[PDB]
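Read the single chain below, which is given as structure tokens and is the form deposited in one PDB entry.
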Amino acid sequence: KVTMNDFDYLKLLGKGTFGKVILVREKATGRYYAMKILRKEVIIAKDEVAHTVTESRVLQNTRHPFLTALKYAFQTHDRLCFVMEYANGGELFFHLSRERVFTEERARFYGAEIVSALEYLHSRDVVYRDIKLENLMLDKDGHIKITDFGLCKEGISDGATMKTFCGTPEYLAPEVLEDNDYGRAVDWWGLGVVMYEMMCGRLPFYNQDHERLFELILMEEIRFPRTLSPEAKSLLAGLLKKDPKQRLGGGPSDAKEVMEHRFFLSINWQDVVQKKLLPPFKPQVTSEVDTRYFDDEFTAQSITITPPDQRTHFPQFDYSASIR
């Protein structure tokens, strides 16, 4: 049984209201991982139990080069811990914040890998629902690693629907901002937003006030830099079509519509999944504990245990990759 003192706790990689993520060393092997630590108290209060159990359940059976691999899922009396692959290259958000914009070529590389992962998830009836730059990390070679599966939905095949109002506001599809249910096409909209950010250096829609933001998402016409290629303009127009039935990827062939798009004309899709495409950017990390692609805001902070206030057991948190 895996416990807290099986790991050394080295650096804070990220923190939010959800909890915290820490660079750990596994004592027994000396190998480095990221550990997401969540307080059960917060999870229950927020009504996120089912979502968090689902996060473990999906990760236990997913295997794909561009999804983050789970090593352990374990828990204590007051905490839930995910031990997972450390994405040395950090978030795409980090890189785009520094570089401001990616070339169409570089965006195409990341985009092809995200499309590959979303095809795989959708084939297994999983809707990810949280595509954003913050959840798109890079491994040490510069390949995509999708992280944070805390808003996934299972059992969603072509035409099936979902009702939970969830996601990140700036990335929410217009149909989610309407009453009743929505389908898997929301993931393609999400790819639309991140592709737009990568090539245009800004969100297609933004206001600090969510009420204004959601009106923009529902109502505003997207704009493009004049210099963008016709097929990049076509790709983003198709992914960010407000009607999910008319959206690129929103038909019965799902990822195939996106894969066959003229923006990805140069891409051989079997090379993508086989990791044969060369990353344009290779993270220049020089050790296993190197956190240069993570914000100082987090890594400067000292690690500190929070004071707490019968069975408090969560299912799906006694998992090991060695055992299943």
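Numbering starts at 1 and runs along the sequence shown. Each form is matched to the other, and the largest set of C-alpha atoms that superpose within 1.5 Å is called the rigid core.
The same protein also exists as the form deposited in another entry; that form is not shown, yet it is the one meant from here on.
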Which residue of 79, 108, 145, 132 is the mover here, meaning its C-alpha shifts by 2 Å or more between the shown form and the other one once both are aligned on the rigid core?
79
Classify residue 210 as shifted (yes) or not shifted (no) between the shown form and the other one, where shifted means its C-alpha moves by 2 Å or more with the rigid core superposed.
yes
Would you say residue 253 moves its Cα by 2 Å or more between the shown form and the other one, aligning on the core?
no
Could you tell me whether the Cα atom of residue 34 shifts by at least 2 Å between the shown form and the other one after core superposition?
yes
The CA atoms of residue 208 and residue 129 move 3 Å or more in the other form, ending up farther
Between the shown chain and the other structure, the Cα gap of residue 207 to residue 215 differs by 3 Å or more. Is it closer or farther in the other form?
farther
